[PDB]
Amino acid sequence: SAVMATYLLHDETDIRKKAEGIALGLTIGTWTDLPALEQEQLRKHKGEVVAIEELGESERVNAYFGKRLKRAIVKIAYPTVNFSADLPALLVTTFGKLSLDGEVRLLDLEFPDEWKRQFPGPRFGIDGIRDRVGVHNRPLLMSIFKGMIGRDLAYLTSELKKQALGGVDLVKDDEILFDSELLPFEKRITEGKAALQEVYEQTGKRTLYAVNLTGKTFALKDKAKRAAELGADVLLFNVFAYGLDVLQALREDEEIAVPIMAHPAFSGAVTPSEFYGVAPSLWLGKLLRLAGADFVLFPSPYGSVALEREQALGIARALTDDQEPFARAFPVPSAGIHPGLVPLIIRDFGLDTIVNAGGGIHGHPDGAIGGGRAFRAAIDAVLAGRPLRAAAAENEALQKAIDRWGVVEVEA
């Protein structure tokens, strides 16, 4: 039983030698200097290089570093009896001291099924979320409050209703919205709920509110439990600013039992490099799903800072692969989103995704309501097998949006 880590290494020295050094150094330390009695005793703890794939040199990389660097994908097996069954131990074992060893990037981690079962996975997952929001087939639609810092509860409820009246399925706090005297955590939840229950009357549409769960680590459980008691819909959580283990703790507390939406804030300090860090499919995908995120927002493959397409798809696959013993987590590609991209979003990610209108929903000629209607019309059009312009010719809200941002081609 071992966790197999896959790394990308760049080095001017023999990679196999370095790899063997890692497998041994980060497990038992030494082997050839051990008596026979100790070798048999420590055998089960010995790490091993499972595979090495030569990638050939890159002149682009060589020029950058100013030297010839060999490249290779290295796989190392770390016996699970070597560490406790918790994420901090997993990270320290597979990428603790190793993260300091020059050019090494963690690409993936694979675990025996028995080890995976020691972790929770999402509590609700895609199926649970759809039931809680009451939308069973079409992809969901979410938006974000605009400029709420320094604003009051009257503004919050007002802006919340506008978005819900726009037909969005979920509205979340801006990740930088922290508790204040004007906007107390508990009050955002209770007033937000009452306000959304009003829109429920005016419009059968039921909208959820993902409230930001912030503050010090050891105060999180108490607040989350209170949120559950107050009937909060979803807890937005800046997991990377805390630790993966904290997300797991929130997921496993039966007194909370509220959906958790993981925000990508700070994940960029770890994922973008070609030579260092941890690949997004693992950092934002596999590990967050395993830890307990019901929703995972991640860099979309569209816009000014688009994540490489295959990377984005890799994240979504990790979140939804049904070969895993965990419920599926909702993939939410974020940033660079507009109604004209809905057709492409659905083609790339499928029906079980969430269209994140973000704060942009407010940039529609007719406010959030118009912005929400434009997105809902766009989603319906795609599912009905119709071109947006075709549907737009019958939907002004969508018409306005298309004229302002255009339509992205989905044909291959």
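In this text, residue numbers run from 1 along the sequence as written.
**Student:** Quick one: higher average CA temperature factor, 16 to 24 or 389 to 397?
**Tutor:** On average, C-alpha B-factors are higher across 389 to 397.
**Student:** Quick one: higher average CA temperature factor, 44 to 52 or 379 to 387?
**Tutor:** The stretch with the larger average C-alpha B-factor is 379 to 387.
**Student:** By the entry's C-alpha temperature factors, tell me which of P122, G215, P79, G303 sits highest.
**Tutor:** Of the options given, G303 has the highest CA B-factor in the PDB entry.
**Student:** In terms of recorded Cα temperature factor, pick the maximum from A257, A194, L282, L297.
**Tutor:** Within the set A257, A194, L282, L297, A194 shows the top C-alpha B-factor.
**Student:** Considering only modelled residues of the same chain, in which third does the CA B-factor of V3 rank: lowest, middle or highest?
**Tutor:** It falls in the bottom third of the chain.
**Student:** Which third of the chain holds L235 when residues are ordered by C-alpha B factor: lowest, middle or highest?
**Tutor:** Its C-alpha B-factor, which the entry lists for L235, ranks in the lowest third among residues of this chain.
**Student:** Can you tell me which third, lowest, middle or highest, the CA B-factor of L165 falls into for its chain?
**Tutor:** It belongs to the highest third of the chain when residues are ordered by C-alpha B-factor.
**Student:** By the record's CA B-factor, is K146 among the lowest, middle or highest third of residues in the chain?
**Tutor:** Answer is highest: the recorded C-alpha B-factor places it there.
**Student:** Would you mind checking where the Cα B-factor of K205 ranks among the modelled residues of its chain, as the lowest, middle or highest third?
**Tutor:** Its C-alpha B-factor, which the entry lists for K205, ranks in the highest third among residues of this chain.
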